[PDB]
Protein chains: 2
Amino acid sequence: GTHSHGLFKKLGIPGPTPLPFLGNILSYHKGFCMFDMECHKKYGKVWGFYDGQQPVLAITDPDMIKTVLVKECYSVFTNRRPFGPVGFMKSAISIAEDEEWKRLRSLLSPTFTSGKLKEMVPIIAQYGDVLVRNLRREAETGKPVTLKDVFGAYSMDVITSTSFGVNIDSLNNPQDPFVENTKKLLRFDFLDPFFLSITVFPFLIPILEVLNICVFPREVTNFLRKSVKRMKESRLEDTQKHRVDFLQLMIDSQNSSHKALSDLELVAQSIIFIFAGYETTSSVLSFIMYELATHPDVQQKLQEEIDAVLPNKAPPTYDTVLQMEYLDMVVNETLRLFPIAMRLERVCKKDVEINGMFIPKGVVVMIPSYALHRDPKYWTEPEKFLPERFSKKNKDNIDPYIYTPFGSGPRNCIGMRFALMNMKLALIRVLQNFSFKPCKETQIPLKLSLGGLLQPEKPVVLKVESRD
Amino acid sequence: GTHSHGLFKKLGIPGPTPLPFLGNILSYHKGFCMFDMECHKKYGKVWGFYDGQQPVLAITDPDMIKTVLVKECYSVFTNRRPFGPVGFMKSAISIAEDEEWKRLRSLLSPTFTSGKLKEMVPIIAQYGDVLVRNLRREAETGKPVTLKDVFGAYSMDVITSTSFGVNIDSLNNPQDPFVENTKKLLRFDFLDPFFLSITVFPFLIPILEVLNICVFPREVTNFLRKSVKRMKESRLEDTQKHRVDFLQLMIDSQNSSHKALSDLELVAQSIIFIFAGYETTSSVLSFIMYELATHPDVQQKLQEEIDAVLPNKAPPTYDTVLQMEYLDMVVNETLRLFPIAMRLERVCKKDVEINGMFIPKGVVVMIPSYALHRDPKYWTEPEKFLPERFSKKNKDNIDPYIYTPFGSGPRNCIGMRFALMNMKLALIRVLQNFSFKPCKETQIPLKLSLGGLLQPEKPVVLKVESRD
Ligand code: HEM
Ligand code: HEM
Ligand SMILES: Cn1c(=O)c2c(ncn2C)n(C)c1=O
Ligand SMILES: Cn1c(=O)c2c(ncn2C)n(C)c1=O
Ligand SMILES: Cn1c(=O)c2c(ncn2C)n(C)c1=O
Ligand SMILES: Cn1c(=O)c2c(ncn2C)n(C)c1=O
Ligand SMILES: Cn1c(=O)c2c(ncn2C)n(C)c1=O
Ligand SMILES: Cn1c(=O)c2c(ncn2C)n(C)c1=O
Ligand SMILES: Cn1c(=O)c2c(ncn2C)n(C)c1=O
Ligand SMILES: Cn1c(=O)c2c(ncn2C)n(C)c1=O
Ligand SMILES: Cn1c(=O)c2c(ncn2C)n(C)c1=O
Ligand SMILES: Cn1c(=O)c2c(ncn2C)n(C)c1=O
Ligand SMILES: Cn1c(=O)c2c(ncn2C)n(C)c1=O
Ligand SMILES: Cn1c(=O)c2c(ncn2C)n(C)c1=O
């Protein structure tokens, strides 16, 4: 069982000594972030470890990161770490490899332009108003408020309407078929027993694929495949009600070099957009409101900036959202402290030599975002929430390969601008109406989960008083 | 279990209807050759079938075959069908894929030039003399002679001396450690229960690789890895006795673009050369002596040609072997009737469109050599042994993509000239001394095995009388 455990020694690369069969997974007992921080302060700029038999090489040099993420992306570092069983979701752009990905990224790029986003802003803002009416019902009743519930329902409303044109107040329709299914698309905890078992027994993945066992649950995928079918037909009939959702943008793409999106590929992308945006958006928004509640000074200044740009609670628009600097600064600093990706990864497909370091075929090159976002070498007082880092005066010292909450290069986050616009639109409408103060039962300082997802240990609960 | 069984229907390609899970493997009850002949006369120029879930596309068009074997070899049809578990023998040139193969083929090409073969001919001829002394011991005693025994011992003697410099009369040293180990390298019967099981459960191959279970038996591979080690050291010490074996040619290659052969790669090639030459050479030589014994006219003419070129039983040399035309004609016609490969195969690595036919990614493109060698469209009276086909007058009508006993293109047989020279050298020395006549217990007509290897059903036994 000590087959490949000798790689990093032959190359002279340091790291924690692995155990037979297990590799270094027992060190994940405090999550990915704490393991990366510990390895960083312990072994320096580069180190190696083993997820079972799989070797992983961590890199922290911003010149080296640029070579992996940008310069040699097509040639060597094109794909992410394999995982499964994935079934047909192999066709999702985030999972596809080599030429299949390059084609899918080429097909989906016009869907995420600033023009299509501009046409989605009125839809997103509608549920910012819905978010305020539900927040006010929990504010006129003096009761502590679980953020991820009210931000989860907001993210759900934005997803259903901007990806399928389905318009629901999901907080008050918890058993609409579209809401209960979409709510089941929970992010993967790679440290739970099932995924840790697969990590230790990767040879069992082909056995699960032949039995049609899938990490994306069949019941939800079957419901969306048929729902897309019914919408693709009905949209052909009533063809006067113009739509501006991802489904409609992808339906149109099939009406043109590359092959057009197949009907199954189209479903795969629609599903992966939900996974990408649903718990991510609500998690970040909760992190933001925590930092705003623990720093009343920052919250007031943002509320003053919003009222200067949008007097009299004027509705946020596309151009006015991008106008607010302190809002962008608050969002960025919160993502520095809580980069929910935790890591960026690329599989080394060829025996390569970059920046003087030899990297052999099969190694997973990893960029530890959570650690680099808190590295004293680039951030003074990294544990403190200080949005002034991202002011126009100081944003020249921020290295774009140390700060990668959306990745970088050709395979970065394709929904970055959408996610930023979505979160800011929510933040503006919420702060125009409310202020957020800690409870007695608020966890200060916030503690992170020991699991495989960057989320609070306990839910963030805050008191919400109206600005009336 | 009927997952991929719908491919050839969507493409409109005919073939036998597959069963769930099994595919079409139950049709292998008469071997590969009879299944290919039956499918050819039944479905035409192109057909498809399933080895379990694996789709296989058979092609018979010589223009299409050239595109697969030659024109699009590097781009699309580079590798052979995956099989396992293979362990470290993944590094053998016949098993390696993509850039690994292209490098290994580049490293091994100078080893198989006509110059290195010219320097090996004296060694090979030595055991042609040994073959005659052992044949005569079985001829002065009137007793029927099993060909594959006396040709197996000859092929063994040629292999040990031309690949390792180990010089043994293996027929009379059956328990030299080098002889009993090398004799265990038996060709793979892909129709025996184990390989048929792997075909039906290909998802179990990763489970066997993690347990170091290997189709190349460990005991023999361990013996040769250490034997090569001891020879690589001892050859460095006594460095005046010049050697002309494959091991010495590959030892020298490590003393130079590409990376040099590693010590493990070098062992992998040495092993695969034995698999390639051991039972193949003795099988063909047996087939040749059968056709010569069933056609006394052809045998006398060849004996007269040999005596005209080499009067007084003169020893065959490099230039005199290539001089004999009827010898080349006899060898070729026997390989037409018995192309021990049976099939050539290439995996389709990309969605391609060649000669008007669309071929999708993952399909195994197969060229049925045994069937094309007996196709009435190109061979008049194909079931009859008629060496005049390969005379200089008639060799203009022979299509090099219908007649492929050594394959074709960049990935053809690299030891073709060696194998032809080895077999002819044996044939000359044998026919200079003996004549071969059928027994009562000789199977006339010869019947083929129902297994996965092109070999006689019963051993070819012939009477051997001396030409004294
Ligand atoms: C706060 C919200 C989000 C964050 C922090 C985030 C972050 C990230 C990160 C770090 C990556 C990997 C980048 C890399 O490997 O270099 C990624 C990939 C991706 N994201 Fe986002 N994301 C968010 C929301 C979204 C949304 C709303 C979408 C909507 C479509 C989306 C679509 C994608 C896709 C498709 C990929 C894979 C791109 C590819 O493989 O080519 N993400 N995201
Ligand atoms: C009567 C004897 C032999 C016959 C009929 C024969 C036939 C063949 C055939 C049909 C192929 C596949 C060609 C293709 O896929 O297009 C092949 C491949 C090969 N043969 Fe031979 N062979 C013989 C003996 C030998 C010998 C003595 C060697 C000694 C080294 C050898 C070395 C190889 C190798 C290395 C390959 C794989 C080439 C590659 O994958 O690049 N063979 N042979
Ligand atoms: C720890 N880990 C990951 O973090 C991971 C993964 N596949 C994708 N990711 C992100 N696998 C298999 C894994 O073991
Ligand atoms: C955390 N995580 C992953 O790490 C992941 C994923 N899909 C693929 N991967 C690798 N999803 C949906 C996810 O939530
Ligand atoms: C616990 N668990 C999972 O977490 C899981 C799964 N299939 C996919 N996932 C993610 N199965 C079968 C499972 O038992
Ligand atoms: C948590 N979980 C899953 O997430 C899961 C599953 N089977 C499939 N999936 C996706 N099982 C049994 C499960 O317990
Ligand atoms: C880190 N990460 C990814 O790696 C990712 C993604 N969507 C697709 N991928 C691959 N999202 C939302 C994400 O946060
Ligand atoms: C939240 N999230 C995702 O949603 C995700 C992912 N990889 C793929 N996806 C979709 N990773 C690493 C992730 O953290
Ligand atoms: C029938 N068959 C072959 O003929 C074969 C093979 N791998 C190589 N060959 C030649 N496999 C897996 C196979 O099933
Ligand atoms: C018949 N046969 C094969 O079909 C084969 C092989 N090695 C690999 N393959 C595919 N050997 C040694 C073999 O004898
Ligand atoms: C019958 N048989 C084989 O034929 C075989 C094998 N491993 C490799 N081969 C070829 N095992 C384990 C086996 O039982
Ligand atoms: C015939 N055979 C093999 O050829 C073999 C094996 N184990 C490994 N090999 C290669 N066993 C058990 C076996 O019966
Ligand atoms: C058909 N065939 C092959 O396919 C082959 C081989 N040696 C290597 N390969 C791949 N030999 C001797 C062979 O006869
Ligand atoms: C005899 N033989 C081999 O020796 C061989 C092979 N494929 C690889 N090898 C080595 N095939 C198909 C084969 O028939």
Side-chain angles (χ1 to χ4, degrees), chain A residues 1-6 10 20-23 50 52-54 75-76 78 82 84-85 87-88 90-91 96-104 197-214 257-260 262-265 348-353 358 360-362, chain B residues 1-6 10 20-23 50 52-54 75-76 78 82 84-85 87-88 90-91 96-104 197-214 257-260 262-265 348-353 358 360-362:
Chain A
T2 56
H3 184 59
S4 67
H5 284 1
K10 206 187 67 167
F21 298 99
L22 297 191
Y50 300 88
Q53 297 281 305
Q54 172 63 236
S75 61
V76 178
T78 311
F88 81 98
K90 74 186 191 316
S91 297
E97 296 180 359
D98 297 331
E99 297 293 321
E100 278 81 15
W101 168 74
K102 202 148 54 181
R103 163 183 164 266
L104 286 180
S197 294
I198 292 305
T199 288
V200 175
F201 320 134
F203 49 88
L204 294 186
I205 291 180
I207 291 186
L208 306 177
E209 295 278 20
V210 79
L211 295 175
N212 287 284
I213 300 183
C214 194
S257 59
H258 289 296
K259 290 171 171 293
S262 66
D263 289 351
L264 189 51
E265 283 174 337
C348 184
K349 78 172 63 175
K350 276 197 165 189
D351 262 58
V352 81
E353 182 171 347
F358 166 81
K361 176 188 173 190
Chain B
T2 56
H3 184 59
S4 67
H5 284 1
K10 206 187 67 167
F21 298 99
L22 297 191
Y50 300 88
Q53 297 281 305
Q54 172 63 236
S75 61
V76 178
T78 311
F88 81 98
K90 74 186 191 316
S91 297
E97 296 180 359
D98 297 331
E99 297 293 321
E100 278 81 15
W101 168 74
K102 202 148 54 181
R103 163 183 164 266
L104 286 180
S197 294
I198 292 305
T199 288
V200 175
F201 320 134
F203 49 88
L204 294 186
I205 291 180
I207 291 186
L208 306 177
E209 295 278 20
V210 79
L211 295 175
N212 287 284
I213 300 183
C214 194
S257 59
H258 289 296
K259 290 171 171 293
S262 66
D263 289 351
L264 189 51
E265 283 174 337
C348 184
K349 78 172 63 175
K350 276 197 165 189
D351 262 58
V352 81
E353 182 171 347
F358 166 81
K361 176 188 173 190

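Each chain gets a letter, A, B and so on, in the order its sequence line appears, and its residues count up from 1. Below, all heavy atoms of this structure are taken into account, side chains as well, without hydrogens, waters or symmetry copies.
- Proximity to chain A is absent for every atom of B:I205, based on heavy atoms less than 4.5 angstrom apart.
- With a 4.5 Å cut-off on non-hydrogen atoms, B:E209 does not touch chain A at all.
- Heavy atoms of A:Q53 lying under 4.5 Å from chain B are absent altogether.
- For B:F21, the CZ atom is loosely surrounded, since the number of other residues' heavy atoms within 6.0 Å does not exceed 12.
- Separating the CG atom in A:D351 from the CD atom in B:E99 is a distance of 11.5 Å, to the nearest 0.5 Å.
- A salt bridge links B:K361 with A:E100: the distance from a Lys NZ or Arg NE/NH1/NH2 to an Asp or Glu carboxylate oxygen falls below 4.0 Å.
- Within a 6.0 Å radius of CZ in A:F203, other residues, nucleotides and ligands contribute more than 12 heavy atoms.
- Put simply, CD1 on A:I207 and CG on B:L204 are 5.5 Å apart, with the number rounded to the nearest 0.5 Å.
- Heavy atoms of other residues, nucleotides or ligands lying less than 6.0 angstrom from NE2 of B:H258 number more than 12.
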